[PDB]
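Structure record follows, encoded as structure tokens.
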Amino acid sequence: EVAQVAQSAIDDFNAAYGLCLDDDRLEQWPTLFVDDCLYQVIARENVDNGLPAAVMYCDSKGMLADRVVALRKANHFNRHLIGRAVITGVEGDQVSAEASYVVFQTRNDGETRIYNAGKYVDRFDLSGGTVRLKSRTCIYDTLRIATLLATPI
Amino acid sequence: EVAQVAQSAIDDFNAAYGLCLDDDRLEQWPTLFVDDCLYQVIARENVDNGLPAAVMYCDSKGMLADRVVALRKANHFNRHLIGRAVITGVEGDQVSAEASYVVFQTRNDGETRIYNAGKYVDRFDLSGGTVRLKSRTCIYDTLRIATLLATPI
Amino acid sequence: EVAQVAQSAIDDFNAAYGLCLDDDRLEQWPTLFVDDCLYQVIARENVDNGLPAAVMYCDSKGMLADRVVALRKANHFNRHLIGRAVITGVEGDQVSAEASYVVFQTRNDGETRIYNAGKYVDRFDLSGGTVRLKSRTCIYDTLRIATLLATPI
Ligand SMILES: [Cl-]
Ligand SMILES: [Cl-]
Ligand SMILES: [Cl-]
């Protein structure tokens, strides 16, 4: 029962996380994390390098918010499909999980292409009747990724 | 418990809806709607225009059935992946929800391409021990879409 | 309740099955099947031919293991997205189900492409407090598929 509850909570979180970004409700995105959080976007191969280079990196909620503010100030259509989560550990109301994802993007030419494929590797805080990310690492396969005014994965 | 029940009902509906179309069981498709229904397929940008042009439009079950009949009479391989649904409102046994989707298509050259990416915006009727669409709007990103003898999204 | 239990078991199985292959934990893959199993990969159109040609075929766990051994001995990045399962029959603790899937692949040029789209047609053994495949047929749309040292779908 407790397993089913955490599974559903995390899968609901991921569905709403994808729709928040795809709908361009970027202001909601930082609220899905705890204040003292970690969000990063790193290439699959870099997750073995001595110095894993993140191409997007936020080590506080303030940095998440800074990104949303900048994206609004210095103003494609995105679509996430996120797989069902695999829970990989439970220590009380802290739950680790992973879920595959693909972000599809449609630009001005009108063709929808695969923009970024990867998997989320997460630590969720399920305390206090809520579901928020303590840490999310987007471990990605696709080489080309936006480096200027990039919308979150 | 009631939330879990509606969530599961809608996610089961979407899984079976995608497989019905992909398997070419087109005769089942109109049965997934109530009689006095609305099905439409509209571009993301048109959902702000003064006159949102739908490229596929049915305002009764009779129109759904008319499409299936025509597709059979005047005879690609499709594959849907549908995200988990986000329930956006509940008024008794009427439930609104949204779910991301991508339809992949394989034509005679054998390459599988992204045909149509979007999100379903739905009103479900969960009354009377059943799950049927009152209305489904497929809000889509991908520019090119079939305009002759188009299979439903 | 029993329906919800089988649904969750199968959807959890599929999530972990995709991640096992994508993570290159190929040694886990044969363990997801019973010993006297059937795994095959067959083109959609061949599922009507008098002699349906399978392009990947294993009729025991020994054959599954033989493939993993060969892949290790004679050494792309893959990403599965698997749809929610539709349960198509239940005879005690043997359950038939189907689920759409797309395997995305990223090769040396760095572009992520659609490698293989299809649906799983499965017979699950849910006896003895466990979830294992009795048979899985991957019925696929995409023409080009690896024929040398192919990683499982
Ligand atoms: Cl920037
Ligand atoms: Cl027509
Ligand atoms: Cl081989």
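From first to last, the protein sequence lines stand for chains A, A' and A''. A prime marks a further copy of an entry chain. Residues 6 to 80, 85 to 162, numbered by PDB author numbering, are exactly what the first sequence covers, in order. Residues 6 to 80, 85 to 162, numbered by PDB author numbering, are exactly what the second sequence covers, in order. Residues 6 to 80, 85 to 162, numbered by PDB author numbering, are exactly what the third sequence covers, in order. From the three backbone atoms N, C-alpha and C, an ideal C-beta is built for every residue, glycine too.
Contacting residues, own chain, Cβ-Cβ under 6 Å from residue i (five flanking each side not counted)
| i | result |
| --- | --- |
| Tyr62(A) | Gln45 |
| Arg116(A') | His85 |
| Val140(A) | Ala14, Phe18 |
| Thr156(A'') | none |
| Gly92(A) | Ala108, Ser109 |
| residue 84(A') | Missing from the coordinates is residue 84(A'); the shown part of chain A' jumps over it, going from 80 to 85. |
| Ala21(A') | none |
| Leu43(A) | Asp64, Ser144 |
Reduced DSSP secondary structure (H/G/I, E/B, other) of residue i
| i | result |
| --- | --- |
| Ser65(A') | coil |
| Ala75(A') | helix |
| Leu37(A) | helix |
| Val140(A'') | coil |
| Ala48(A) | strand |
| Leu43(A'') | strand |
| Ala155(A') | coil |
| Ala70(A'') | helix |
Contact with chain A' by residue i, beta-carbon distance below 9 Å
| i | result |
| --- | --- |
| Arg88(A) | yes |
| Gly23(A) | yes |
| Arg132(A'') | no |
| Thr151(A'') | yes |
| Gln12(A'') | yes |
| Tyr110(A'') | yes |
| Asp27(A) | yes |
| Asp102(A) | no |
| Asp41(A) | no |
| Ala20(A) | yes |
Residue span of the alpha helix (DSSP H) that contains residue i, given as start and end
| i | result |
| --- | --- |
| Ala20(A) | 7-27 |
Neighbour flag for residue i against chain A, beta carbons, 9 Å
| i | result |
| --- | --- |
| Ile96(A'') | no |
| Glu107(A') | yes |
| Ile123(A') | yes |
| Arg93(A'') | yes |
| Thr146(A') | no |
| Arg141(A') | no |
| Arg49(A') | yes |
| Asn54(A'') | no |
Cβ-based burial, residue i [other Cβ within 10 Å; buried from 16]
| i | result |
| --- | --- |
| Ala58(A) | exposed |
| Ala48(A) | buried |
| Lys128(A) | buried |
| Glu32(A) | exposed |
| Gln12(A) | buried |
| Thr146(A'') | buried |
| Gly55(A) | exposed |
| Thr36(A'') | exposed |
| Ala8(A'') | exposed |
| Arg72(A') | buried |
| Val95(A') | buried |
| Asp16(A) | buried |
| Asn87(A') | buried |
| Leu69(A) | buried |
Residue i: first and last residue of the uninterrupted beta strand (DSSP E) it sits in
| i | result |
| --- | --- |
| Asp134(A) | 121-134 |
| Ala108(A) | 103-115 |
| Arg88(A') | 86-91 |
| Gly55(A) | Per DSSP, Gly55(A) belongs to no beta strand (DSSP E) and is neither H nor E. |
| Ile96(A') | 95-100 |
Residue i at chain A'' interface by Cβ criterion, 9 Å
| i | result |
| --- | --- |
| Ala126(A) | yes |
| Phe113(A') | yes |
| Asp118(A') | yes |
| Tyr129(A) | no |
| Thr156(A) | no |
| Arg77(A) | no |
| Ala8(A') | no |
| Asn80(A') | no |
| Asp16(A') | yes |
Cβ-based neighbour list, residue i, same chain, cut-off 7 Å, excluding 5 preceding and 5 following
| i | result |
| --- | --- |
| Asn51(A') | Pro57, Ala58 |
| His89(A'') | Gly23, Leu26, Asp27, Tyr110, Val112 |
| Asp150(A) | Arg49, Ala126, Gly127 |
| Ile154(A) | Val60, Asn125 |
Residues of its chain near residue i, where Cβ-Cβ distance is below 8 Å and the 5 sequence neighbours each way are ignored
| i | result |
| --- | --- |
| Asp40(A'') | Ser65, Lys66 |
| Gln103(A'') | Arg132, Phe133, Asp134, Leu135, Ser136, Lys143 |
| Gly98(A') | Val104, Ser105 |
| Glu6(A) | none |
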